[PDB]
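Notes for the one structure printed next.
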Amino acid sequence: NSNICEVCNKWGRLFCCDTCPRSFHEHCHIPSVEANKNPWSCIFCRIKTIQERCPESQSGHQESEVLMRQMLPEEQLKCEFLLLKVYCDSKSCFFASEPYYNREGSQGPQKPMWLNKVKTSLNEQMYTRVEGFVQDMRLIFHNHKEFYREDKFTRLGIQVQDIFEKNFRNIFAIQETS
Ligand SMILES: [Zn+2]
Ligand SMILES: [Zn+2]
Ligand SMILES: [Zn+2]
């Protein structure tokens with residue numbers, strides 16, 4: 001197994017996947033690494049299994065259809081993984097914890113949002129459809145863009161949104177288009 005966390009790339013108290021060589025800090029994995037379970041398989045393995053059990057699940061889909069799906073176990077898992085993939089980028093640090101807004105010439109967003117809050121929302125099963133998760137995720141970046149205006153810091157929002165969007169298309173097998 002790896003000697004660094006797959007998500008944050010740091011050493012520490014790691015839990016090792018029994019079916020691939022990845023390792024995690026307890027709360028870097030999503031969901032948090034489970035108390036018992038020997039063997040244990042990580043979220044990357046669990047996602048791979050879904051794909052292998054139903055190969056047709058990789059045929060192209062329409063986003064509009066994906067968003068209306070109910071958060072049954074498999075969609076719940078996919079959203080957890082997508083969230084994990086965002087945390088895997090180090091630029092996610094800017095969006096992890098609760099922000100605040102005091103900048104000359106700008107007003108804070110009406111509805112602040114941050115990755116840890118989405119993380120709690122997933123854990124507490126507060127989303128009934130994929131749409132709920134995806135709306136909150138996209139809200140994070142949109143609030144950032146709007147607040148930082150012409151400051152070049154706006155680009156961090158663009159960059160992390162691009163990570164989100166690419167992984168969304170991959171994980172939910174969105175039909176490729178130009
Ligand atoms: Zn970690
Ligand atoms: Zn694994
Ligand atoms: Zn089948």
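Whatever order the structure lists ligands and atoms in, that order sets their numbers, starting from 1. Just so you know, residue 1 is the first one in the sequence shown, and it goes up from there.
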With the Zn ion (ligand 1) as the apex, the SG/ND1 angle for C28 and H25 - to 10°:
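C28 SG and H25 ND1 form an angle of 110° at the Zn ion (ligand 1).
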Rounded to 10°, how many degrees is the angle SG/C8-the Zn ion (ligand 1)-SG/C5?
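The SG/SG angle about the Zn ion (ligand 1) sits at 110°.
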Of the backbone and side-chain N, O or S atoms of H27, does one lie nearer to the Zn ion (ligand 1) than 2.8 Å?
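It does not: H27 brings no N, O or S atom closer than 2.8 Å to the Zn ion (ligand 1).
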Okay, side chain of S2, backbone of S23: is any donor-acceptor separation there less than 3.5 Å?
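No: the side chain of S2 does not pair with the backbone of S23.
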Closer than 3.5 angstrom, by distance alone: can the side chain of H25 be matched with the main-chain N or O of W11 as a donor-acceptor pair?
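Judged by distance alone, yes, a pair lies under 3.5 Å.
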Any cation-pi pair here, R13 with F15, using under 6.0 Å and within 45°?
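Verdict for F15: a cation-pi partner in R13.
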One pair to check against salt bridge (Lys or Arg N to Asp or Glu O under 4.0 Å): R69 and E65. What are the steps and the verdict?
CA-CA 7 Å; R69 300 183 189 162; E65 177 270 319; 2.7 Å; yes
For the pair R129 and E75, find out whether any cationic side-chain nitrogen is under 4.0 Å from an anionic carboxylate oxygen.
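No salt bridge links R129 with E75.
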At the Zn ion (ligand 2): angle between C42 atom SG and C45 atom SG, to 10 degrees:
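Output for this angle: 120°, rounded to tens.
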Can you check the angle at the Zn ion (ligand 2) formed by SG of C20 and SG of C17? Round it to the nearest 10°.
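It rounds to 110°.
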